[PDB]
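Note sheet for the following structure.
Just so we're on the same page: letters track the sequence lines, and every chain starts at 1. No hydrogens, no waters, no symmetry mates; every other heavy atom, side chains included, goes into these values.
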Amino acid sequence: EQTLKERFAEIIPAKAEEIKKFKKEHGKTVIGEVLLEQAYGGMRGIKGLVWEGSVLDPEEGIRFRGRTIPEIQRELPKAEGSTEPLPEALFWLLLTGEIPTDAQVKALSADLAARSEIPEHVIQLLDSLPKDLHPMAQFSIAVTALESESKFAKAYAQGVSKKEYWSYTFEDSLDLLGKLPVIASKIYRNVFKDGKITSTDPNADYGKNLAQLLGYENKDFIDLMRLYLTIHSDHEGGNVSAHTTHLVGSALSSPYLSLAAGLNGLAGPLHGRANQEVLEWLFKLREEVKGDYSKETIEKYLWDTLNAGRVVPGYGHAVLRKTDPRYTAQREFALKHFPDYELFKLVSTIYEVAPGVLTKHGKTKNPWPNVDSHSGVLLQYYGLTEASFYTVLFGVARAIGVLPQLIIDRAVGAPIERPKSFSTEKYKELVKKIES
Amino acid sequence: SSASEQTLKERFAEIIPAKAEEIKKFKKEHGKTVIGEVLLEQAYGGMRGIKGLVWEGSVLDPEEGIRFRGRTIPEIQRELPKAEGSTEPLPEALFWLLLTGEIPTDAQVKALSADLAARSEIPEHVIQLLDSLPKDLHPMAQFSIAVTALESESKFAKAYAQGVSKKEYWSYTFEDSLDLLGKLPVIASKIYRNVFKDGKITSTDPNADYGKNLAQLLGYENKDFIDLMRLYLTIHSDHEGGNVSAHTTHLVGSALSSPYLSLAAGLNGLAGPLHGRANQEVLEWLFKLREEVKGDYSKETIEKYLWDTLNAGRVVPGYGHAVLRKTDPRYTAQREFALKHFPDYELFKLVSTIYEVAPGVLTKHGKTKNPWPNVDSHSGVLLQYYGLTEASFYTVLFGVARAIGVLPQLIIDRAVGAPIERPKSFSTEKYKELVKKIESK
Ligand SMILES: [Cl-]
Ligand SMILES: [Cl-]
Ligand SMILES: [Cl-]
Ligand SMILES: [Cl-]
Ligand code: NA
């Protein structure tokens, strides 16, 4: 059957031609207005980016090439003996819009595992970084250190034509994706454990190699990694990690430098730390109520939080009107595997009572939980308790989402990203003219 | 007066609240005004033309060139403080102007230079990591690795983790920014000495200004190359907020990553060959021309080479602009430097002959809007004269300069409370649905 590169090579010309015709025929159609408040508001609402793999449906949650989370759980292939969707099969879907067969996904997993060795200078660099250097900084350093392997950088220097760009971007992307479990696990073992790391299993799927390289052989934790990577993979192109990866890649930096920049965005505490923010809040709550998770006690705790002007982390959305389906998938994992874990009893009781309290309080739109309200409890159950590592796991997952878009951007010839700035003095002059 | 002058931090703290209040009122009273339309071709065109960013320090005047806080390049050259003995504007004086909108005094600049020099030591782990990287790992990748490895020093990251009030964010971002700026000459120079020379590096001079320490750490103690570094850093410092390195730095900073992680990401954007290698692209083209014409820089031979290039379908790098309607004043400042220091250097004679002949040829060929040169047409020849010939290092120098422009905007963003940047994406199938809806009614 076709490999991923072969299938993409077959289908992308017609999709590129469709976009070219769409741009030419409808490019002058006005699709929105820019308000002054949007320039001073982080470009919120500006329809300015093209991102093929996922789109938020305000009524149903994030969709991956049109599929909801439960549809992805049904349709993607599974490792034998598992019902979790394989994240490398999601990588295939995000890049092509198509579901791979069992045999296709098996060959992609073996290709990723064969590309997973990291060079000596990167092993050395990692082993020497200080333990107080945050795991996200270690992760982006190691990915940037792989730039000497970039096949795209070398092809650009040799003057290849633009038609060949996506092929080299694809090779760097699979090489980089293959290496992330080894980099992430080396950081984990060095900072938090004994510095000793096992070797990639050539016949394992991607989440399974991640779990085992971190040092976790429990079969249910392997299933958690498969699910965690799939659901954290992508969430449109306007979030800071996807956007930064795309922006840096638009200047033709390789996937290594582009993902490293994206990881530095994910490292920002307004983007990548919500799992740890929820966990800290839950731990403080658990201590402060001495484990009393009665509805009365939890309800009071939420009111005392809100009356103090503090947030209930991980609840509320500007747009999505129901629980995030990525939260539900993790709730369903806990109900099947450990429904009586005490920290889960707390998370589940908050889900029962917080929406109603937040509604009555009246200041939270769509007071339902997101993915980050449920991820930490699952990691804790299996002993992965080092919360300063959790955004590294998120970064491995987010590479599954952002690397396909770099490959598609190069196949379709997306140009350098270059919005326009002005100073406040000049915006005031422009506004005065407009209002005249 | 027997009281000391304000430092940079004290002056910014004095003036920023009123400016923040003016921004807040502007947004309140005029936020609903329509300032532009988004066309479908802009979402598929890199957001070109969307008025979506606020960047205080510089704005391109399509009739004059780039302005820094409203001043042209010649005005910057006249009004900024200079080192004793020199006529070049000091880049740390420009850092002051970009952050405050004000021209500092000589004494203020001397004190800022001393503060940057005091902040120049890098930690041992960064020294050892740099000395262990392979010489074949590109200088820009080494540079952003070293900047990221300083994150363990971040004062903003530590304050955020302690739950400090948002009121305090700019102050900690300011400290990290000056700490980072102070270390870039040592980082960039260690890369240069390790990769290209003998690995041996001098130490920072506490009484030297910023460009002078960069020049001496690279290995140069002679006045004219010191002056080149002062000019080079000043003119490359800033160019609006929509270029990839400025935009990436702001975008990553908007998620509250520290200046170390923000600048490292911006440096990875500057490393992209569509953004940070135009100096080297011009150099390569000049060297190919020089070999082909065997050093004959007569106007007629250069005119024929340019016509032959254009007639073959090839481009003349470094000429032509989309909006700017005359020669880039940053090019002119570099030409003035060459005419003062080495007017008959051979590679400058070639650059000068192109400057004389290319605008006319490009105009007559008729496919180049505004057929005048930009900054990158002139920077490589100046570095070559002084023996800094390793082109794969040139974007590191640009990155040192660009930190002067982007770090003030991170500090300002935190002082005014700029929010996380989050434009919206759609897939092509959803854009098609949205366009059909618009074009149907
Ligand atoms: Cl996200
Ligand atoms: Cl985001
Ligand atoms: Cl620029
Ligand atoms: Cl740019
Ligand atoms: Na090597």
Side-chain angles (χ1 to χ4, degrees), chain B residues 65 73-74 76-77 86-89 91 196 211 214-215 218-220 222-236 276-309 315-321 324 326-362 371-398 401:
Chain B
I73 296 293
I76 291 303
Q77 286 176 296
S86 170
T87 62
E88 297 304 336
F196 303 107
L214 174 61
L218 291 166
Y220 289 86
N222 49 313
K223 171 184 188 19
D224 290 350
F225 182 78
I226 294 162
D227 273 337
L228 176 57
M229 288 294 97
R230 295 164 176 157
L231 181 63
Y232 175 103
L233 293 173
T234 292
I235 68 184
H236 287 86
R277 84 172 300 277
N279 169 354
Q280 295 97 306
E281 182 189 24
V282 165
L283 190 76
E284 282 164 4
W285 187 85
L286 295 167
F287 287 172
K288 177 178 184 193
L289 187 165
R290 177 178 73 184
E291 187 178 18
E292 162 73 26
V293 301
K294 294 197 156 183
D296 171 6
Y297 308 153
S298 65
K299 301 152 213 304
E300 68 203 77
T301 293
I302 299 306
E303 170 168 357
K304 174 183 201 300
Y305 191 93
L306 295 172
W307 278 114
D308 294 340
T309 298
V315 309
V316 180
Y319 275 74
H321 198 264
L324 178 53
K326 52 177 187 121
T327 294
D328 182 349
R330 299 174 299 163
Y331 179 98
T332 301
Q334 290 178 107
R335 180 175 175 78
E336 289 167 345
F337 184 103
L339 286 168
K340 173 179 187 190
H341 297 86
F342 42 80
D344 297 292
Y345 173 43
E346 77 92 25
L347 187 60
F348 173 62
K349 169 77 169 165
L350 170 61
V351 168
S352 189
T353 307
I354 295 163
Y355 184 45
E356 178 169 356
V357 176
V361 169
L362 289 160
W372 305 101
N374 65 53
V375 68
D376 302 304
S377 280
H378 219 308
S379 45
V381 63
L382 310 185
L383 293 169
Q384 291 277 316
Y385 177 80
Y386 294 102
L388 207 165
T389 56
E390 300 89 354
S392 69
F393 186 70
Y394 289 1
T395 311
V396 174
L397 292 173
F398 190 4

**Q.** Minimal non-hydrogen separation, B/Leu388 against B/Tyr220, with atom names
**A.** N-OH, 3.6 Å
Q. With side chains defined as the heavy atoms from C-beta onward, is the minimum distance between B/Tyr305 and B/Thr309 less than 4.5 Å?
A. yes
Q | Heavy-atom pair of closest approach, residues B/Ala215 and B/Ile226 | A | CB-CG1, 3.8 Å
Q: Rounded to the nearest 0.5 Å, what's the gap from NZ on B/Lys288 to CG on B/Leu283? Could you check?
A: 14.0 Å
Q) Sub-3.5 Å donor-acceptor pair from the side chain of B/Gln334 to the main-chain atoms of B/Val375, do we have one? A) yes
**Q.** Heavy atoms from other residues, nucleotides or ligands near NZ of B/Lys326 exceed 12 (cutoff 6.0 Å)
**A.** yes
Q: With rounding to the nearest 0.5 Å, note down the distance linking CG in B/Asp308 to OG1 in B/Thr301.
A: 10.5 Å
Q: Please name all residues satisfying ring-ring contact (aromatic ring centres under 6.0 Å, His included) with B/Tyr345, sequence neighbours left out, ordered by chain then number.
A: B/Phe342, B/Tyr385
Q. Who are the side chain to side chain contact (heavy atoms under 4.5 Å, CB included) partners of B/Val282, not counting sequence neighbours?
A. B/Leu286, B/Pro317, B/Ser377
Q.
Is it the case that atom NZ in B/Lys223 sees more than 12 heavy atoms from other parts of the structure closer than 6.0 Å?
A. yes
Q | Interatomic distance, B/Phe196 atom CZ to B/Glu390 atom CD [nearest 0.5 angstrom] | A | 5.5 Å
Q. B/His378 pairs by ring pair (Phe, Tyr, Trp, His ring centres under 6.0 Å) with which of B/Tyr232, B/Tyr319, B/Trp372, B/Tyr331?
A. B/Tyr331
Q. Are B/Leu233 and B/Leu214 close enough, and set up right, to give a side-chain contact (heavy atoms from CB on, under 4.5 Å), and what steps lead you there?
A. CA-CA 10 Å; B/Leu233 293 173; B/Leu214 174 61; 4.0 Å; yes
Q: Please identify each residue that fulfils ring-ring contact (aromatic ring centres under 6.0 Å, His included) with B/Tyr394, with sequence neighbours left out.
A: none
Q. Would you say B/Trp307 and B/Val361 make side-chain contact, with heavy atoms under 4.5 Å?
A. yes
Q: Please list, chain by chain and in numerical order, all residues satisfying side chain to side chain contact (heavy atoms under 4.5 Å, CB included) with B/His321, sequence neighbours excluded.
A: B/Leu60, B/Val323, B/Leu324
Q: Could you walk me through whether B/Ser392 and B/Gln280 pass side-chain contact (heavy atoms from CB on, under 4.5 Å), step by step?
A: CA-CA 8 Å; B/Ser392 69; B/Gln280 295 97 306; over 6 Å; no
Q.
Would you compute the distance between atom CD1 of B/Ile73 and atom OG1 of B/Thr332 and round it to the nearest 0.5 angstrom?
A. 10.0 Å
(Q) Test of understanding: with side chain to side chain donor-acceptor pair (under 3.5 Å), list the residues that count as partners of B/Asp376, not counting sequence neighbours. (A) none
Q: Give a yes or no answer on whether the side chain of B/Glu88 reaches the backbone of B/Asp227 with a donor-acceptor pair at less than 3.5 Å.
A: no
**Q.** side-chain contact (heavy atoms from CB on, under 4.5 Å) between B/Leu397 and B/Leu218, worked out
**A.** CA-CA 11 Å; B/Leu397 292 173; B/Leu218 291 166; 4.3 Å; yes
Q. Which pairs, with at least one residue in residues 332-348 of chain B and sequence neighbours excluded, count as a salt bridge (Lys or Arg N to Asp or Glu O under 4.0 Å)?
A. B/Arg290-B/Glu346
Q.
Could you check whether any side-chain N or O of B/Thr234 sits under 3.5 Å from a backbone N or O of B/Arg230, counting only pairs where one atom can act as donor and the other as acceptor?
A. yes
Q: Using the side-chain contact (heavy atoms from CB on, under 4.5 Å) rule, take B/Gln77 and B/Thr87 through it: C-alpha gap first, then chi angles, then the decisive distance, then the call.
A: CA-CA 8 Å; B/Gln77 286 176 296; B/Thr87 62; over 6 Å; no
Q. Is there a donor-acceptor pair closer than 3.5 Å between any side-chain N or O of B/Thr395 and the backbone N or O of B/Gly276?
A. yes
Q | Rounded distance [0.5 Å steps], NZ in B/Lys294 versus CG in B/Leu289 | A | 14.0 Å
Q: First locate atom CD1 of B/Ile76, then atom CZ of B/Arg330, and finally report the distance between them rounded to the nearest 0.5 Å.
A: 13.0 Å
Q | Pairwise side-chain contact, B/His341 with B/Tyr386, heavy-atom cut-off 4.5 Å (strictly under) | A | yes
Q) Is the closest side-chain heavy-atom distance between B/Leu306 and B/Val357 below 4.5 Å? A) yes
Q: Answer whether the closest heavy-atom distance between the side chains of B/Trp285 and B/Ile354 falls below 4.5 Å.
A: yes
